[PDB]
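Participant: Mind looking over this structure? Questions follow.
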Amino acid sequence: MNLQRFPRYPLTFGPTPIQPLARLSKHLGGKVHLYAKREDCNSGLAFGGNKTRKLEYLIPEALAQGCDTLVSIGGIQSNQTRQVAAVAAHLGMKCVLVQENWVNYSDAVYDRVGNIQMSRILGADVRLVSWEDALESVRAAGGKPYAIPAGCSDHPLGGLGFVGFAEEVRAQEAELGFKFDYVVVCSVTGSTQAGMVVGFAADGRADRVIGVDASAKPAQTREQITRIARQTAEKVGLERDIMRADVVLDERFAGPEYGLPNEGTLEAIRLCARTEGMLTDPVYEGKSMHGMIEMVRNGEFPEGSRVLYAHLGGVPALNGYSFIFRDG
Amino acid sequence: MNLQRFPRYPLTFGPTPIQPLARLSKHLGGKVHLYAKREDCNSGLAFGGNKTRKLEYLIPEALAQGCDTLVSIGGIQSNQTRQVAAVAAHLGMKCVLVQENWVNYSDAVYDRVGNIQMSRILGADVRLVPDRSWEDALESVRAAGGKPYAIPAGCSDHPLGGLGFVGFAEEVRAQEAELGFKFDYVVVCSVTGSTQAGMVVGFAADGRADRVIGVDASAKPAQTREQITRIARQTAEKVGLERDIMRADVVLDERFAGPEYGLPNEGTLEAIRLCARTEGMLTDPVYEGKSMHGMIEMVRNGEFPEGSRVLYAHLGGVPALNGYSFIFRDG
Amino acid sequence: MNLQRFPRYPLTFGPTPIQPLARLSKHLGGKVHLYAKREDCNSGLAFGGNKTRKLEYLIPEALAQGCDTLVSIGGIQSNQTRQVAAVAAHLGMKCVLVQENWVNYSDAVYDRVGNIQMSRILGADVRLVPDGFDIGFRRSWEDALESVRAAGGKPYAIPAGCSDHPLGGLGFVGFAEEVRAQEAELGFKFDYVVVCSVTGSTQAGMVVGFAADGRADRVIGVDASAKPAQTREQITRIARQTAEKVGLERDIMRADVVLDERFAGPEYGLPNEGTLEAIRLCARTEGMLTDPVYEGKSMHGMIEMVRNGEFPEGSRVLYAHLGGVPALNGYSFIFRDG
Amino acid sequence: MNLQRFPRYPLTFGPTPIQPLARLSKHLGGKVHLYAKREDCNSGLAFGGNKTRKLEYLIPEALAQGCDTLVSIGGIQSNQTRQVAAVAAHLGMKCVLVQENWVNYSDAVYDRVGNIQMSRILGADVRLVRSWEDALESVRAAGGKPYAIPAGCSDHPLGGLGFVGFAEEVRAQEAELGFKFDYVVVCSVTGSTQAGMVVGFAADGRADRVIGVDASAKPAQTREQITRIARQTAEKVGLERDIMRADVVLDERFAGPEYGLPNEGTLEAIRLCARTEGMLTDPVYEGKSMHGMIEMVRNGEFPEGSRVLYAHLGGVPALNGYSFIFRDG
Ligand SMILES: *C(NC1(P(=O)([O-])O)CC1)c1c(COP(=O)(O)O)cnc(C)c1O
Ligand SMILES: *C(NC1(P(=O)([O-])O)CC1)c1c(COP(=O)(O)O)cnc(C)c1O
Ligand SMILES: *C(NC1(P(=O)([O-])O)CC1)c1c(COP(=O)(O)O)cnc(C)c1O
Ligand SMILES: *[C@H](NC1(P(=O)([O-])O)CC1)c1c(COP(=O)(O)O)cnc(C)c1O
């Protein structure tokens, strides 16, 4: 394949670091070596995260097209909209965000802390409810909007970012002098796992990318990942077809609903935070973290396996679930 | 000087990057070139920040002495206490925090969001004083069978507490080498003092100690200024600075600290928004929003020589934003 | 029947008023005439409510046994614990409250507004337990009572809602009494009565009281517990124990206890879209507010009933407003735009 | 005087009850007999309060003029705006409220709990910010006819009637009680509450016995408003006398530090009063008038044997906006 064909606008510090989770690894039995690739610490633009790696491939088209306003959408505690708001300010562009009530949750400060709060400070026009109305709104005002779908996923360039991710991992394995056996990643809108599948199919490891569902609608998410992997594979000239076998999506850790954690989620967030000083959230990472932990605990990983946990970000959202953590 | 003499436990990713703030620079008139050194993005341990750089030099002593528990203190939204609980967890050490009511502020979720929230998740035993707690906590650890390492507010009034930022100066010189030029000034928020202290010492090494413009956030200028000078001198002796820190070496602007510690004025808010909206770089209403305020105001007043290159140190503190949600409800 | 046998300590202002809900009635078709008996406005003791009516009969005992501390229990936004705390300060007694989280709910200011906020200002010792503690499993109840004694005081035990307590059903039999006296003036009788039911003695007392004139099965209870079976049984149990206590010249039949299960979802403490619509409609047509936990659900019940035609044309339904409005503060996000 | 001249639309349950605060009284020395008139429990309309008594005399005009919308104003945690939203709903009228930030305070749920939350549930159109004129005009431009209700109903012709009536009630109740109250403590900010009391008690020569406790932190301005509204009101009811400045007593000692912000004494008073009587007061108004009355008794400023009547004007729901301050009681 050839990813180099597509321009990348630098929004990050550079390749994200990989750290050993020795204490957690040891706590679970010392039979599986866990690591963490810090996608959550990739930028100075409002904490960044996985959506920021993605945006590096969309920005060029935005500029090439001469757009002056970035428009995106997501739930109230959306990490994506927050990142787009930061990226926007950094580039000198206006920003319109559609924030929808995607979660059956009602916290008193849910629409005033964490991610949404930062977006308002960052100067974005935050519209709480729509998509087309926002876009049209921009034209009618005399500006040219660049449409960024949820999580940047269902977009032509939306999976390029994480194809690069697999690239980076190969380069880093070279340095470490060893290859990771699996990769755990959280999936919801899909292009994160999609890009990984494509990139890792390149070396025969697409099926080693273990996606954990956090949408609680595994069928849709699975299909979207598959569809985007297929479009992205073509885009980058993957010398192969993405098969259903190439898309692994665990469905055991998404409950009870999207945006709502279960007792295991909370326990996972605590264990990880208490053994490594590494925080995860109640919506996404706490769920992928829970999945990985549970997998090791079940013996689902071959002894001696090196698993690379991809921490995609999302911590600011912790502020929207304050009461659940009042005593830790 | 010789800083390499003291061991440093890795808690950060490595040197913190310097980024130009061209939009904000241009916004103000294009006469002063503004930059930022991101100490706020120095670690994967619960967002880190300036206190984390400092802790790199206290930990080795904590481990050497075989302590099994880190104990510290700060106000409700303290950044220090959170970093201490992250570092603790990472190190396999227990953690006890004394959170006090240092701010005349009363937000509904003040003690349940931001920094303190993370601390509890991190496993620290977070103790809220009513409404001697310090020695009470230290002893509670001993009486429990452990050995506590005492970390004073901000790590500031501690022998090793200023080493962290002498190294900061070290880092900037090496970076100036690559950049091929030297920064004319540096802006740093100051409250308990060893951050500025370390900078004054480290920059005194090349005669730029007076170029470090401290911006007070304690609203108690005199005390803070004094503590900075005292920690600077103690530290200078610790590293073998080939000079003595003069009172003139400690600069501290008292204009942007109001109205009180932990409370922002309208300038602070304006500053926060302006920087946020022009660079996508967030700052808090307690510390950084004030230093940013000071810098912006300095540039706007022509107090900086035209053509000057001013390096703003972003110390962190953004999570505290959650404790002031209403003020930012409409942005 | 003889209720006058038991002493009643004044905690209320006196009989609670009945007001016509003319706009709501007209809005629903004008075919059923809805009224409301304001138990929610029965006292100066921290907003009172149905639980304050019941306490009038328990206090005399607590004082006669010379208890110096009232001890009770309830969820975080329990109305019961708040009224106990007020009544207690008013009488010069100490107060210990065991509060656990009985609701799968997690609002940022849940344990610091509304009812619990008042109990703390009222001087009660509010004992909360972190999630997973299980007061029911550990027995925070008995630990509280013992702690009071160990401290040198004498506690008077008041169970959840006063319901499963010998004197607990007395209060609302008096309610039926009041309603007949008031019906005399009105020159007519209410065909039904809608009341919200959770721990039981409110409807229970009403059943006893109204059985005395053959209207027991006219008391339509709406379940807000989401555990209709247990609730129904406790009502029936409390009603029988209470009937015997007041000398009801009858046996309470399974048919005398009506409990509608259609408006309790999805869980105790959690409202449905219907609950919210009922709250807003009643509020916007009468200036009368109800909560997401209790009243909003009975109100939903009554409205849904009228709209369904389950009420005979011309019927006059008497809605008992038990109180609980303060709990609204625990559900701010839900009402952020109305 | 003749108050019966003006029509009063029933919005309350009837005369408000008076209760003895025997515990509080004994706690403070037992040398002064404290009582309370529960204006805070006057109506089934969203908790009511003193503003509801005032509204009883404005509604007739509103209806007589055929207005279909009630428009009022006040701070975020305004009691008045809540009471107007409830009254409107009850009357079948639309409601528009101008909520302004009159308090230097910034709690996370300040604009989502207590009074303002109820107003939104009651169906009023709650506008957070010429704001006043803009609302009135938007109503007209919409095809409706708005009835303008100024802050607290105070600077309004009919605004002072409601509490002249309060004095009437007290006289009637003193009759039954077989005795008269020597003083009356009332909280004052916009003014028509104490103003009306001054007029109505002027009738029996007790106007200087109505002790107003300022909660505005701008006593001069508040004192002048009371005096001003009292005079205009006295003329409207035909008081057989003119209201002198000595007729208006306003203590400035307990309004600090600002309007809407309580001091340590406020909090203490709120607790002492709640813990001895089971009667709650808020940190904006009543907690300050309560603070005042307690400090007065504790300082001996009341002659031994006096019977002081505390007017509880309401406002408890505002408590929800100051949650952190009471987290531990
Ligand atoms: C340090 N602020 C602390 P805390 O909020 O407790 O962690 C100590 C009060 C701090 C400073 C000031 O640094 P000093 O070395 O002068 O104490 C500036 N900026 C941020 C983000 C801080 O956390
Ligand atoms: C009583 N609800 C209580 P609490 O939440 O502790 O105050 C007991 C659970 C209550 C009810 C139901 O009355 P019961 O006699 O059936 O328990 C209905 N409405 C309101 C407002 C209550 O407080
Ligand atoms: C009235 N306070 C108001 P609001 O907060 O808008 O309802 C007007 C500012 C009020 C007062 C003071 O009465 P005045 O007649 O002097 O305005 C005292 N107590 C309570 C509970 C009020 O709501
Ligand atoms: C992305 N989550 C988003 P948002 O909350 O809007 O920013 C998109 C729903 C996200 C994911 C999942 O990534 P996908 O490519 O599968 O959508 C995982 N982890 C974090 C922290 C996210 O923010």
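Ordered as shown in the structure tokens, chains take letters A, B, and onward, while each chain numbers its residues from 1 and ligands are numbered from 1 in the order shown.
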Find the residues near residue 275 of chain D: any atom within 8 Å, counting only C-alpha atoms, skip ones fewer than 6 places away on the same chain, and give them as an MDAnalysis selection string.
Facilitator: chainID C and resid 86 89:90 121:123
Participant: Store the residues picked out above in a file with N, CA and C atoms, as a short mmCIF file (atom, residue, chain, number, x, y, z; two decimals), in the first residue's frame.
Facilitator:
data_model
loop_
_atom_site.label_atom_id
_atom_site.label_comp_id
_atom_site.auth_asym_id
_atom_site.auth_seq_id
_atom_site.Cartn_x
_atom_site.Cartn_y
_atom_site.Cartn_z
N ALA C 86 -37.26 17.77 60.60
CA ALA C 86 -37.94 19.01 60.98
C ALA C 86 -38.74 18.79 62.27
N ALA C 89 -36.40 18.69 65.28
CA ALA C 89 -35.87 19.98 65.75
C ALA C 89 -37.02 20.74 66.44
N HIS C 90 -38.19 20.70 65.83
CA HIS C 90 -39.35 21.37 66.38
C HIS C 90 -39.70 20.88 67.80
N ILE C 121 -29.34 20.92 57.31
CA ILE C 121 -29.49 22.24 57.91
C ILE C 121 -30.32 22.10 59.20
N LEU C 122 -31.35 21.26 59.13
CA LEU C 122 -32.21 21.00 60.28
C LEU C 122 -31.48 20.33 61.47
N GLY C 123 -30.17 20.11 61.34
CA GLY C 123 -29.41 19.55 62.44
C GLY C 123 -29.37 18.04 62.61
#
Participant: For residue 156 of chain C, find every residue with an atom within 12 Å (counting only C-alpha atoms), except residues of its own chain fewer than 6 positions away, and show them as an MDAnalysis selection string.
Facilitator: chainID C and resid 55 58:72 84 88 93:97 142 144:146 148:149 162 165
Participant: Within 6 Å of ligand 2, which residues of chain C show up? Give each one with its shortest atom-to-atom distance in Å (one decimal) and the two atoms involved, counting only C-alpha atoms and all ligand atoms, rows by chain then rising residue number, as CSV.
Facilitator:
residue,atom,partner,partner_atom_place_in_ligand_line,distance
C:74,CA,ligand 2,6 (O),4.6
C:78,CA,ligand 2,5 (O),3.5
C:79,CA,ligand 2,7 (O),3.2
C:80,CA,ligand 2,7 (O),3.4
C:160,CA,ligand 2,8 (C),5.5
C:161,CA,ligand 2,8 (C),4.0
C:163,CA,ligand 2,15 (O),5.8
C:196,CA,ligand 2,18 (C),4.9
C:197,CA,ligand 2,16 (O),3.5
C:198,CA,ligand 2,16 (O),3.6
C:199,CA,ligand 2,17 (O),3.4
C:200,CA,ligand 2,16 (O),3.7
C:201,CA,ligand 2,15 (O),4.3
C:202,CA,ligand 2,15 (O),3.8
C:294,CA,ligand 2,19 (N),4.6
C:295,CA,ligand 2,19 (N),5.6
C:322,CA,ligand 2,21 (C),4.6
C:323,CA,ligand 2,21 (C),4.0
C:324,CA,ligand 2,21 (C),3.5
Participant: Can you write just those residues out, N, CA and C atoms, as a tab-separated table (two decimals), in the first residue's frame?
Facilitator:
chain	number	residue	atom	x	y	z
C	74	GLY	N	-34.27	6.14	54.82
C	74	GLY	CA	-34.85	6.42	53.52
C	74	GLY	C	-33.78	6.67	52.46
C	78	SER	N	-35.22	11.02	50.03
C	78	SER	CA	-36.40	10.61	50.78
C	78	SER	C	-37.08	11.83	51.40
C	79	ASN	N	-38.40	11.89	51.30
C	79	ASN	CA	-39.18	12.98	51.91
C	79	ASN	C	-39.35	12.77	53.41
C	80	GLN	N	-39.46	11.49	53.77
C	80	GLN	CA	-39.66	11.01	55.11
C	80	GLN	C	-38.58	11.46	56.07
C	160	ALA	N	-39.08	3.04	57.34
C	160	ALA	CA	-39.31	3.68	56.06
C	160	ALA	C	-40.77	4.13	55.92
C	161	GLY	N	-40.95	5.43	55.66
C	161	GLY	CA	-42.26	6.02	55.49
C	161	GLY	C	-43.23	5.87	56.66
C	163	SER	N	-44.56	3.49	57.44
C	163	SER	CA	-45.48	2.43	57.04
C	163	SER	C	-45.60	1.16	57.88
C	196	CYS	N	-50.63	7.95	45.58
C	196	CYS	CA	-49.39	7.28	45.17
C	196	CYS	C	-48.96	6.31	46.25
C	197	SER	N	-48.53	5.11	45.88
C	197	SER	CA	-48.14	4.16	46.91
C	197	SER	C	-46.76	3.52	46.81
C	198	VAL	N	-46.00	3.58	47.91
C	198	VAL	CA	-44.70	2.92	47.93
C	198	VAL	C	-44.52	2.04	49.17
C	199	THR	N	-44.30	2.61	50.35
C	199	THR	CA	-44.14	1.73	51.50
C	199	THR	C	-45.50	1.29	52.08
C	200	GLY	N	-46.58	1.95	51.67
C	200	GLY	CA	-47.90	1.50	52.10
C	200	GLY	C	-48.91	2.11	53.07
C	201	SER	N	-48.49	2.61	54.23
C	201	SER	CA	-49.47	3.11	55.18
C	201	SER	C	-50.32	4.31	54.74
C	202	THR	N	-49.96	4.99	53.66
C	202	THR	CA	-50.81	6.10	53.25
C	202	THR	C	-52.09	5.51	52.68
C	294	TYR	N	-42.77	10.31	43.01
C	294	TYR	CA	-44.10	9.93	43.49
C	294	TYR	C	-45.30	10.54	42.77
C	295	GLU	N	-45.70	11.73	43.22
C	295	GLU	CA	-46.85	12.45	42.67
C	295	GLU	C	-46.91	12.55	41.15
C	322	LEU	N	-49.45	14.09	48.00
C	322	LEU	CA	-48.68	13.72	49.17
C	322	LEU	C	-47.43	14.56	49.46
C	323	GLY	N	-47.03	15.38	48.49
C	323	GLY	CA	-45.88	16.27	48.65
C	323	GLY	C	-44.72	15.91	47.74
C	324	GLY	N	-43.52	15.87	48.32
C	324	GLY	CA	-42.32	15.49	47.60
C	324	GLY	C	-41.79	16.39	46.51
Participant: Up to 9 Å from chain D, what residues of chain B turn up? Count only C-alpha atoms and give them as a ChimeraX atom specification.
Facilitator: /B:106-111,130-131,323-327,329
Participant: Could you dump the residues just selected with N, CA and C atoms as a short mmCIF file (atom, residue, chain, number, x, y, z; two decimals), in the first residue's frame?
Facilitator:
data_model
loop_
_atom_site.label_atom_id
_atom_site.label_comp_id
_atom_site.auth_asym_id
_atom_site.auth_seq_id
_atom_site.Cartn_x
_atom_site.Cartn_y
_atom_site.Cartn_z
N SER B 106 -17.38 28.46 46.32
CA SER B 106 -18.31 27.41 46.71
C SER B 106 -19.18 26.91 45.56
N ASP B 107 -18.60 26.10 44.70
CA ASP B 107 -19.31 25.55 43.57
C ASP B 107 -19.90 24.19 43.93
N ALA B 108 -21.11 23.94 43.45
CA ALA B 108 -21.80 22.71 43.76
C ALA B 108 -20.99 21.44 43.60
N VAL B 109 -20.14 21.36 42.58
CA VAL B 109 -19.36 20.16 42.33
C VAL B 109 -17.87 20.37 42.50
N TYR B 110 -17.54 21.45 43.21
CA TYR B 110 -16.16 21.84 43.46
C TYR B 110 -15.25 20.73 43.99
N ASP B 111 -15.78 19.90 44.88
CA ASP B 111 -14.99 18.81 45.45
C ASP B 111 -15.30 17.44 44.84
N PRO B 130 -12.31 19.25 57.98
CA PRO B 130 -13.62 19.70 58.46
C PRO B 130 -14.52 20.45 57.45
N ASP B 131 -15.04 21.59 57.89
CA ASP B 131 -15.92 22.47 57.10
C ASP B 131 -16.65 21.83 55.93
N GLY B 323 -14.31 23.06 37.84
CA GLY B 323 -14.82 23.62 39.08
C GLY B 323 -15.38 25.02 38.89
N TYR B 324 -15.33 25.54 37.66
CA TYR B 324 -15.84 26.88 37.40
C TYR B 324 -16.73 26.84 36.17
N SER B 325 -17.57 25.81 36.09
CA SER B 325 -18.45 25.64 34.94
C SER B 325 -19.44 26.79 34.62
N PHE B 326 -20.11 27.36 35.61
CA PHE B 326 -21.09 28.42 35.37
C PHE B 326 -20.50 29.66 34.65
N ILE B 327 -19.33 30.08 35.10
CA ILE B 327 -18.65 31.22 34.52
C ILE B 327 -18.40 31.01 33.03
N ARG B 329 -20.42 28.87 31.05
CA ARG B 329 -21.63 28.28 30.47
C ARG B 329 -21.96 28.73 29.05
#
Participant: Need the shell around residue 218 of chain D: protein/DNA/RNA residues with any atom at most 12 Å away, counting only C-alpha atoms. Skip same-chain ones fewer than 2 positions apart. Format as a list in words?
Facilitator: residues 188, 189, 190, 213, 214, 215, 216, 220, 221, 222, 223, 224, 225, 250, 251, 252, 253, 254, 255, 256, 257, 258 and 259 of chain D
Participant: Chain B residues within 7 Å of chain A, counting only C-alpha atoms: which ones, as a VMD selection string?
Facilitator: chain B and resid 41 44 to 46 86 to 87 89 to 90 92 112 to 114 117 120 to 123 273 276 to 282 322 325 328 to 331
Participant: Compare B:91, B:136, B:40, B:98 by their minimum atom-to-atom distance to residue 59 of chain B, counting only C-alpha atoms, and give me the closest one.
Facilitator: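 Checking each candidate against residue 59 of chain B, we get B:91 as the closest.
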Participant: Where does chain C meet chain A within 12 Å, residue by residue, with the nearest atom pair and distance in Å to one decimal for each, counting only C-alpha atoms, listed by chain and rising number, as a Markdown table?
Facilitator:
| residue | atom | partner | partner_atom | distance |
| --- | --- | --- | --- | --- |
| C:101 | CA | A:324 | CA | 11.6 |
| C:104 | CA | A:324 | CA | 10.5 |
| C:105 | CA | A:106 | CA | 8.7 |
| C:106 | CA | A:323 | CA | 5.5 |
| C:107 | CA | A:107 | CA | 4.7 |
| C:108 | CA | A:323 | CA | 5.0 |
| C:109 | CA | A:108 | CA | 6.9 |
| C:110 | CA | A:323 | CA | 7.8 |
| C:111 | CA | A:323 | CA | 8.9 |
| C:112 | CA | A:323 | CA | 10.9 |
| C:113 | CA | A:108 | CA | 11.4 |
| C:128 | CA | A:327 | CA | 11.5 |
| C:129 | CA | A:327 | CA | 9.8 |
| C:130 | CA | A:327 | CA | 6.7 |
| C:131 | CA | A:324 | CA | 8.4 |
| C:132 | CA | A:263 | CA | 10.4 |
| C:133 | CA | A:327 | CA | 11.8 |
| C:270 | CA | A:106 | CA | 10.9 |
| C:271 | CA | A:106 | CA | 11.7 |
| C:272 | CA | A:104 | CA | 11.6 |
| C:273 | CA | A:104 | CA | 12.0 |
| C:328 | CA | A:108 | CA | 11.7 |
| C:329 | CA | A:108 | CA | 9.4 |
| C:330 | CA | A:108 | CA | 8.2 |
| C:331 | CA | A:108 | CA | 7.3 |
| C:332 | CA | A:108 | CA | 5.6 |
| C:333 | CA | A:108 | CA | 4.9 |
| C:334 | CA | A:106 | CA | 6.3 |
| C:335 | CA | A:106 | CA | 9.8 |
| C:336 | CA | A:108 | CA | 8.8 |
| C:337 | CA | A:129 | CA | 11.1 |
Participant: What's around residue 161 of chain D at 12 Å? Count only C-alpha atoms, leave out sequence neighbours fewer than 2 positions away in its own chain, and write the answer as a ChimeraX atom specification.
Facilitator: /D:1-8,50-58,153-159,163-168,192-200,229-238
Participant: Which of these residues is nearest to chain A, using only C-alpha atoms: D:209, D:307, D:112, D:312?
Facilitator: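 Of all the options, D:112 lies closest to chain A.
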